[PDB]
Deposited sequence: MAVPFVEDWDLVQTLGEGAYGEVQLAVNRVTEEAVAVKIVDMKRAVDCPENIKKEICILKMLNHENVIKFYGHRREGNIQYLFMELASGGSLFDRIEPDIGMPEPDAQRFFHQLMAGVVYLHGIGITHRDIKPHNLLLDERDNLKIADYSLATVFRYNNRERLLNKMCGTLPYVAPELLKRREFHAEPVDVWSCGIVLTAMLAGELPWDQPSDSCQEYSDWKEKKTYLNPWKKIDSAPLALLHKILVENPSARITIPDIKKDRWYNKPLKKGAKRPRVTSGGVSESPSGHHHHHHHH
């Protein structure tokens, strides 16, 4: 009801909808509410949200529908978004980046383990609690890629062009997991350089060709230390069948380097 909740401010807009800081008119509890203005899509999103139980995935509370409006209730992330911790053209301190990347991989390992692909991993969708623990949010593009132990290939184009893997632009069908791995490597680049390497990973994009030709003396690569750059060389591999998998990311030298807060 317009009587149970006060909409105090917009937190942003997701793939399919928009998000308000709602305050309870009775208890003053502050939550995030996603306000859906119109379906088969939200039925699917609510179903996936009900599956989620992990420290690095957003807490779902429940949902209400009123006419052509539906309301999804989630834990308000008191630390805001990772996007807001990235200093343009700088990034953030390498130890903070490494901890966030550890937590990102734990959330993604959890999702992939229950056969869910997120499909829109980017800093706008990665939230922080009051202890700066990272939470993977926005399940509006999420879908099942594994059921009864059988993999299904993806065939729909979606996500955010600077974060999408190249196969998603080129192939009629592709594996879900390597796409999410790619977008995590663009997130790591953003965290360490405070800039995105390209508009899209297409041959008609010069910044993408430059990377394929290994010109890491150019930005954003020249801002990144050799160890995390070496991980980014294994993640941002054009052929998804040669791209590093999460088990191997967990064996990376930089991933395992002790770093000082």
How would you list, in order, the spans of the deposited sequence that the model does not cover? 1-4, 43-48, 272-297
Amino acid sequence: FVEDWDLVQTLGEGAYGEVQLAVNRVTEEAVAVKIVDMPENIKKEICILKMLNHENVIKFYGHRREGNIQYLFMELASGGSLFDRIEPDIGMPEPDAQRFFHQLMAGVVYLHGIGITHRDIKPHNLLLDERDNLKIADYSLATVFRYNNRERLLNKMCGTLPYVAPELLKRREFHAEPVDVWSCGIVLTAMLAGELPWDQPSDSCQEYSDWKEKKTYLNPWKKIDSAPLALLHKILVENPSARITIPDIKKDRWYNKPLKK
From here on, numbers count along this sequence of modelled residues.
With B-factors read from the PDB entry, the higher C-alpha mean of 224-232 and 200-208 is in 200-208
Averaging only over Cα atoms, indicate whether 80-88 or 97-105 has the higher B-factor in the PDB entry. 80-88
Per the deposited B-factor column, the C-alpha that peaks among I69, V57, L218, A193 belongs to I69
For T245, the third of its chain by CA B-factor is the lowest
Check where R150 lands among this chain's C-alpha B-factors and tell me if it's the lowest, middle or highest third. middle
Split the chain's modelled residues into thirds by Cα B-factor; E167 lands in the lowest
Split the chain's modelled residues into thirds by Cα B-factor; is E75 in the lowest, middle or highest one? highest
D180: CA temperature factor from the record, placed by chain third, in the lowest
